[PDB]
Amino acid sequence: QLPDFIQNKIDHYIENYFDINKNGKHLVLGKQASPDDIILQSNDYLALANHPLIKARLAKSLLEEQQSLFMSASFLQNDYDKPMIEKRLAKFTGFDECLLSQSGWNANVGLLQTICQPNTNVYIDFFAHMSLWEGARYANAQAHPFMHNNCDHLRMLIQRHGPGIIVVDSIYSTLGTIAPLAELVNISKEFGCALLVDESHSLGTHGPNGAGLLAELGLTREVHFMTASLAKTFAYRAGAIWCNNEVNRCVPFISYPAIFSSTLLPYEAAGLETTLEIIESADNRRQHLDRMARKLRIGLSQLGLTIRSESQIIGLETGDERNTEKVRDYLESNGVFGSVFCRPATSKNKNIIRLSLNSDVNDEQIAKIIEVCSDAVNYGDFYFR
Amino acid sequence: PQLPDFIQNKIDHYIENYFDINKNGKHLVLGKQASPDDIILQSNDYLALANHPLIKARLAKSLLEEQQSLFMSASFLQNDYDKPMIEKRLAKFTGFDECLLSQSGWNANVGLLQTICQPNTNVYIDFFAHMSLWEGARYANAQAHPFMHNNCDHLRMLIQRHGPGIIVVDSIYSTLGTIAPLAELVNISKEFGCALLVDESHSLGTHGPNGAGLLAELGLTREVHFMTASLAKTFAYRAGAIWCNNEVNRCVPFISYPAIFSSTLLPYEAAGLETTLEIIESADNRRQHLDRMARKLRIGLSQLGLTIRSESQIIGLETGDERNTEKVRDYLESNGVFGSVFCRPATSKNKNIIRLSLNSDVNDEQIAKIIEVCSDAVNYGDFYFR
Ligand SMILES: Cc1ncc(COP(=O)(O)O)c(C=O)c1O
Ligand SMILES: Cc1ncc(COP(=O)(O)O)c(C=O)c1O
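Engineer: Help me get a handle on the pairing of strand β8 (residues 239–243) of chain A, residues and values and all.
Structural biologist: All names here are of chain A. In terms of burial, β8 is largely enclosed, as 5 of its 5 residues are buried. Alternating positions in β8 separate into two faces, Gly239, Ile241 and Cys243 on one and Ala240 and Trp242 on the other, with burial throughout. Bridging between strand β2 (residues 97–101) and β8 involves 5 bridges; their strand directions are antiparallel. Following the sheet pairing, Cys98 is matched in β8 by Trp242. Two strands pair when backbone bridges link them, and strand β7 (residues 225–229) and β8 are joined in this way by 5 bridges, in the antiparallel orientation. Paired with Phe225 across the two strands is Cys243, which belongs to β8.

Engineer: Please set out unusual backbone geometry residue by residue, giving values where relevant.
Structural biologist: Note that the residue after A:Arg343, namely A:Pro344, is joined by a cis bond; omega there is 5°. The residue A:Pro344 is located in the loop between β11 (339–341) and β12 (351–356) in this model. Here the bond from B:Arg344 into B:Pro345 is cis, since omega is 0°, no more than 30 degrees from zero. Mapped onto the elements, B:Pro345 comes out in the loop between β11 (340–342) and β12 (352–357). In this structure, A:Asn149 takes a positive phi of about 50° despite not being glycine. Note that A:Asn149 resides in the loop between β4 (142–146) and α6 (151–161). For A:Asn209, which is not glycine, the phi dihedral falls at a positive 55°. The exposure class assigned to A:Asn209 is partly exposed, which follows from its relative accessible area of 42%.

Reading guide: rules and limits
Residues numbered from 1 in each chain as written, not as in the entry; some residues may be left out. Chains lettered and ligands numbered in written order. Heavy atoms only, no water. Residues with missing side-chain atoms left out of burial classes, pairs and counts. Buried < 20%, exposed > 50% of the residue type's maximum accessible area, 1.4 Å probe, protein only. Helix = DSSP H or I, 4+ residues; strand = E, 2+ residues; numbered from the N terminus. Pairing = 2+ DSSP bridges.

Put into structure tokens, the structure is as follows:
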């Protein structure tokens, strides 16, 4: 057992976050899924996790003679030490330079540490990813949250607070909405602002050969920074920073997680190249996903639910905790497993049960989700928003 | 597309005062390129397991099995049937109650501190404690109170002044190789009703019975509240772990931001760690060898009149200012010895370290050569040593 100043916090937490739930667990933890159940919890959009060629390429490079490169990524910043995958990924998205990181989180935290000073203006969408808020808070930037995809509010804020960095998800993790990138590019140009787009949820699923949403819209050359977790479509535990400028020569010596935390091992980079080749040609998978996503969005919204989504991420709005619990349990009972997003990913009264669709989902399964929600809507134990 | 000036400012000033001010036009950590026959002492893989055929075998095998698509937060994986076996076994290995996996050692410490701190929680931290510990506390808005390196008297005053808090240390320090007074710190922990957090990143696997670490060696396991480690040192893997002698690991996966918003380790990674743990548990031979070689180097170098604070496989050469450090590095590299430059923000500007990290594949001959090269450096070298 523990001294009071920690224990008090730990008792309170357990009481207000575990004990209050019908199952005694934290709200995200439901029951165990069957193999027959529809699992919509994974960020692996193109269902690549178990792809034979990717597995083969990693195992192969894993079995080669690994040189003992257990140290920071900064010690490996010479051209000969810099992996082929960065050059290819840069080429892929159309950005100048690409830098590998240990995760999407670290890419965001790192980039924001490099370009920010205390009280730097950071104009960040209300619903942008936590990695981005925390990036900015670590750097002691001045956060100026703006209302979701609301360009008028952003205009007011910049005009009020001066030039800064405008930070957005291209596709938002909780809601599946799409940022207004064309208008956001105009705005940054107009006010002398830097623009940072986190493409974690569009990279691979969107754009030509899956090069992303900036690449789809034709905006690549008009943006300063893009970051992305490689743990979504790229199905790998890593991240990347892209620059249309020379910031990537500096990140490795300034970012604390790049300086003080160990780099990706050489065999990990070769795993990604194969993945890239597979993503690059997965037009069918990209298109199937897009079809199913829409079919699900249409069917759910017509039942009266707010489906803000315009993508493969679909957020059922379930309100308060007690309600969310009731919705989770009902869905799971009927073989539908989404992921509870509660605090601090959300406000405590605007919970989301997120459905991450992937290219392996079929029409029959889409039909089932709709029907389950349609039955929900008349069972009488809960509400949607 | 043009960067606004308040960015370009910082970048231009950085490239200038950090790349351009250096002889070879690159950052101070980048020397000349090493070759085959040089002696490399930069790796953290102290038991030289990186290339171990059995680890590579088990890892490849595990990856080839059918993967269920687990690309999500570890939050969603905290049901007992989702929790990996490596935790139970890592716990049992160190003697700690519960163990929790993390994506890095850095995250390990951030996660834990965010869980146990409230704003204005006293954190008595060693000056030389790892950056991850400082930042861990700073992200949790804790009151951080720095005590002088390995100084119990200083620590005592601070606690008397500000009250009960968390005492935070490395067991073996990352830039100096020094060893904390763990026994004494446990006393103070008791003398003032505090909690103790030890990072064993550089002792775990190299020290204790079967490499269970320094706390296990000194039999302090049951009286320490928290331990953490990077698995990227001796364990030769990109991951982290948090051990607790209490219920804290029940909450970390749901409170810690790195644990909520960053993807988990994939199941096959966990498997590869089990095999590492087995190998380490039996690697008495390599631990004994590495202990002896380190001792030779420490003794060897001190005789030259050098400050060697070290008591472990990590030896820190103290090179003072940046200009000088560049000289010592260029000299040591010229004669076949490759350490790691440790400059700011890892050190204060005028107190740089070149860090020689030993491993179990270093032999007598190489030690003799490292000692010999440092002798020449002490004598004919156009530079000093703090
Ligand atoms: C004492 C200590 N703790 C934690 C870490 C961070 O480890 P990781 O690279 O796994 O994040 C290190 C540095 O690498 C370390 O020296
Ligand atoms: C928009 C967004 N950015 C960043 C991340 C963090 O990525 P990672 O898991 O690789 O740290 C995620 C969440 O996983 C995300 O959804």
